[PDB]
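Residue numbers (this note's numbering), protein chains in the order written: chain R, -2 to 132; chain V, 42 to 175; chain B, 2 to 51; chain U, 230 to 301; chain X, 516 to 565.
Note that beta-carbon positions come from the ideal geometry of N, C-alpha and C, so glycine has one too.
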Amino acid sequence: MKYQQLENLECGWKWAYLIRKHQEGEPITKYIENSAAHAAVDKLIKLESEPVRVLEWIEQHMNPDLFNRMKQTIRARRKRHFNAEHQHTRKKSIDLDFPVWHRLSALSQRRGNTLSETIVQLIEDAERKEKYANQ
Amino acid sequence: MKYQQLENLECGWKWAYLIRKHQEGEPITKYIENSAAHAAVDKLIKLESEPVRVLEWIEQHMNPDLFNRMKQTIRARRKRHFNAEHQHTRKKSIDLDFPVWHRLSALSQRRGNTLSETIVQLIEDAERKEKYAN
Amino acid sequence: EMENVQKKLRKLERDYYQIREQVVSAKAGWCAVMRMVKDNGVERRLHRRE
Amino acid sequence: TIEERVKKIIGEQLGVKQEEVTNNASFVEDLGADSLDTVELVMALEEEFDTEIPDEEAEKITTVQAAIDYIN
Amino acid sequence: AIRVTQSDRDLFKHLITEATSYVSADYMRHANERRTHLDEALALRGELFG
DNA sequence: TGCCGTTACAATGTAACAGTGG
DNA sequence: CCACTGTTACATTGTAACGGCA
Ligand SMILES: *P(=O)(O)OCC(C)(C)[C@@H](O)C(=O)NCCC(=O)NCCS
């Protein structure tokens, strides 16, 4: 375990995720009957200020589909929350044109390294050229 | 004008955008009184499936300050919609670690190029170095 | 050899720049907070040295 | 400009008013910045202009006027 | 009157204590790490200058 | 100007892989 | 083995800022 797990924060995250999914129209409940699903959703809504019971609501009415997406989303949210503290640990999102991305990805799988590592090697070669021009 | 604009599509986009914003708590309407805002929002909700009247609804009840954001969101939606048809026109999104991004952007502002142009030039130089050696 | 060492020097320079910027930003945010807590909620209530 | 970026750095690194930070305003007595506060001020001045200063020549700087004098 | 005053006192006590606990701890945490980062940066700076 | 394309981001969600420990 | 965690590489949508153009 590298990231501290906080219960009262991850529980709130989970509740918000469930509410977002439902309001998006998805069937968070495991119930096919409309009435039981509605009752479970209403109770979940009441659980707004009690994130602790959200775990129990999960164990009682959460759709079996969502375990993987849940554990993925909350894991990623935890990682991002802990990384956002410092800039040097932050991430920057950029968009690339298809030809450029195609060439870059081909180069990276050729070198067997991540995109950031490939960019590091490339920019380092350019900066090495600049340095040798300078010395 | 590069992309032709389609009403039954862009109007649905606008309706969905406004509904999303309202669900997010944004004040869609210009009415400070909660009753008029709620009435207008209900009209909008029941206004689904209507371009020619959602446009009028916007003209009549729309919040003044969201016009630009909605306009640019629709611009981006249109451009993405037209570009997502072909592979060469699509765009690939990636995440770069902050130091790497800082250095790459340093190069891009220094040279006046965009990220795509800067990376293309750098890769081309790397390829040229390979060919020099090879 | 000296140029080789200077490359490591530049690496260390970048590291130090990273740390200096991090600390500078932390101080800037902290000063903003202090200016925002002129309401006297900071002297002991916020600053529980315990 | 440099002569107002210096004030921007000093005020937002010490939290003092822009009006307070004049050319002759000494950091320790006028602005109240102590050892670490002054260290952070010099570090921020370094960061602003992406330059470096010697330790002794930096510590010699103990006023807004001296700060600008070394910067410009 | 007794009921109302008791409720008010309890609410005030709880709110104040919990708000202080919630805020001051993060404040101290940040202060501590800023101190630590400064300490580290000085060593980096000295080594760099040499 | 007012629209319109365009870029460079931000925020969140996912799939997939790699690690880690019991 | 097995589960849970950390990480990367995207996608998806929104936004602000430029710059072109009538
Ligand atoms: P403030 O009273 O806390 O004083 C801080 C300090 C001036 C002692 C500190 O900022 C500092 O300068 N430390 C390093 C001193 C030095 O010259 N060391 C040599 C390089 S490690």
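1. In angstroms with no decimal places, state the Cα-to-Cα distance between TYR0 of chain R and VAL538 of chain X.
2. Is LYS246 of chain U helix, strand or coil when you go by DSSP?
3. Since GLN242 of chain U meets chain B, which of its residues come closer than 8 Å, beta carbon to beta carbon?
4. Check whether chain B comes within 9 Å of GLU276 of chain U, counting only Cβ atoms and requiring the distance to be less than that.
5. Please classify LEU47 of chain V: does DSSP put it in a helix, a strand, or coil?
6. Following a CB-centred definition, is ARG560 of chain X positioned closer than 8 Å to any heavy atom of ligand 1?
7. By the 10 Å Cβ neighbour count, where 16 or more other Cβ atoms means buried, how is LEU47 of chain V classified, buried or exposed?
8. If you run the structure through DSSP and keep just helix, strand and coil, what is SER90 of chain R?
9. Once you ignore the five residues that flank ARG118 of chain V on each side, which residues in its own chain have a CB closer than 6 Å to its CB?
10. Please list the terminal residues of the continuous alpha helix (DSSP H) segment that includes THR159 of chain V.
11. Using 9 Å as the limit for Cβ to Cβ distance, is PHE108 of chain V near chain R?
12. Check distances from the C-beta atoms of the stretch 543 to 557 of chain X to those of chain U and list, in chain order, the residues that come in under 7 Å.
13. Please say whether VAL95 of chain V and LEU85 of chain V have beta carbons closer to each other than 9 Å?
14. Determine, using beta carbons only, whether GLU562 of chain X comes closer than 9 Å to chain B.
15. What would DSSP say about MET543 of chain X, mapped onto helix, strand or coil?
16. Could you tell me if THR111 of chain R is buried or exposed, where buried requires 16 or more neighbouring beta carbons within 10 angstroms of its beta carbon?
17. Excluding the 5 residues preceding and the 5 following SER149 of chain V in the sequence, name in chain order all residues of the same chain whose CB lies nearer than 6 Å to its CB.
18. Quick one: which residues of the stretch 111 to 123 of chain R get their C-beta closer than 7 Å to a C-beta of chain V? List them in chain order.
19. Start and end of the alpha helix (DSSP H) containing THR114 of chain V?
20. Would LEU270 of chain U pass as a contact of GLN242 of chain U if the rule is Cβ separation under 9 Å?
21. Ligand 1 and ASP263 of chain U: does any heavy atom of the ligand fall closer than 8 Å to the residue's C-beta?
22. With 9 Å as the C-beta to C-beta threshold (strictly closer), list the residues of the stretch 127 to 140 of chain V near chain R in chain order.
23. In this structure, how does DSSP classify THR267 of chain U when only helix, strand and coil are distinguished?
24. Give the straight-line distance between the Cα atoms of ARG17 of chain R and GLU127 of chain R, rounded to the nearest whole angstrom.
25. Cβ closer than 9 Å: which chain X residues qualify as neighbours of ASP16 of chain B?
26. Measure the C-alpha to C-alpha separation of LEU93 of chain R and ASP136 of chain V and round it to an integer number of angstroms.
Looking at the coordinates:
1. For the purposes of this step, residue 0 of chain R is taken as residue 3 along the first sequence, with counting starting at 1. For the purposes of this step, residue 538 of chain X is taken as residue 23 along the fifth sequence, with counting starting at 1. Distance between the alpha carbons of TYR0 of chain R and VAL538 of chain X is about 21 Å.
2. Within the fourth sequence, the letter at position 17 stands for residue 246 of chain U. Correct three-state label for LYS246 of chain U: coil.
3. Counting from 1 along the fourth sequence, the entry for residue 242 of chain U is found at position 13. Those are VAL25, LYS28, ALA29 and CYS32, listed as they occur along chain B.
4. Within the fourth sequence, residue 276 of chain U is the residue found at index 47, counting from 1. For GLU276 of chain U, the answer is yes, since a Cβ of chain B falls inside 9 Å of its Cβ.
5. Locating residue 47 of chain V in the second sequence gives position 6, counting from the first residue. Here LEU47 of chain V sits in coil by DSSP.
6. By 1-based counting over the fifth sequence, the position of residue 560 of chain X is 45. Correct: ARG560 of chain X has its Cβ closer than 8 Å to ligand 1.
7. As a first step, residue 47 of chain V is located in the second sequence; it is residue number 6 there, counting from the start. Classification of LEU47 of chain V: exposed, given that the 10 Å Cβ count is below 16.
8. Stepping through the first sequence from its first residue, residue 90 of chain R is reached at position 93. Residue state for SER90 of chain R is assigned as strand, using DSSP reduced to three classes.
9. By 1-based counting over the second sequence, the position of residue 118 of chain V is 77. Excluding positions up to five away in sequence, the list reads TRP54.
10. Your numbering for residue 159 of chain V matches position 118 in the second sequence. It spans 156 to 174 - the alpha helix (DSSP H) in which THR159 of chain V sits, taken as one unbroken run.
11. Residue 108 of chain V sits at position 67 when you count from the first residue of the second sequence. For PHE108 of chain V, the answer is no, since every Cβ of chain R falls outside 9 Å of its Cβ.
12. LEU553
13. Here residue 85 of chain V refers to the residue found at position 44 when the second sequence is read from its first residue. Here residue 95 of chain V refers to the residue found at position 54 when the second sequence is read from its first residue. Yes, they are a contact pair.
14. What you label residue 562 of chain X is simply residue 47 of the fifth sequence in a count that begins at 1. With 9 Å as the cut-off, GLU562 of chain X counts as an interface residue toward chain B.
15. For this step, residue 543 of chain X is matched to residue 28 along the fifth sequence. Helix, per DSSP.
16. In the first sequence, the residue the question calls residue 111 of chain R occupies position 114. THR111 of chain R is exposed by the Cβ-count criterion.
17. If you number the second sequence from 1, residue 149 of chain V lands on position 108. Excluding sequence neighbours, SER149 of chain V sits near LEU156 and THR159.
18. The stretch 111 to 123 of chain R vs chain V, Cβ under 7 Å: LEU112, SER113, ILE116, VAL117, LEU119, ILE120, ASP122 and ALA123.
19. On the second sequence, residue 114 of chain V is found 73 positions in, with the first residue counted as 1. Secondary structure note for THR114 of chain V: its alpha helix (DSSP H) is the uninterrupted segment 108 to 124.
20. Residue numbering aside, residue 270 of chain U sits at position 41 when the fourth sequence is read from its first letter. Residue numbering aside, residue 242 of chain U sits at position 13 when the fourth sequence is read from its first letter. Contact: yes.
21. Here residue 263 of chain U is taken as the residue at index 34 of the fourth sequence, counted from 1. For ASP263 of chain U, the shortest separation between its Cβ and any heavy atom of ligand 1 lies below 8 Å.
22. Correct list: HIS127, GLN128, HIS129, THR130, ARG131, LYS132, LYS133, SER134, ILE135, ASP136, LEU137, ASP138, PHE139 and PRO140.
23. Counting from 1 along the fourth sequence, the entry for residue 267 of chain U is found at position 38. Looking at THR267 of chain U - three-state DSSP - the assignment turns out to be helix.
24. Here residue 17 of chain R refers to the residue found at position 20 when the first sequence is read from its first residue. Here residue 127 of chain R refers to the residue found at position 130 when the first sequence is read from its first residue. Straight-line Cα distance between these residues: approximately 50 Å.
25. If you number the third sequence from 1, residue 16 of chain B lands on position 15. Within chain X, the residues near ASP16 of chain B are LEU559 and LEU563.
26. In the first sequence, residue 93 of chain R corresponds to position 96, counting from 1. In the second sequence, residue 136 of chain V corresponds to position 95, counting from 1. Near 11 Å, if we compare the C-alpha coordinates of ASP136 of chain V and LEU93 of chain R.
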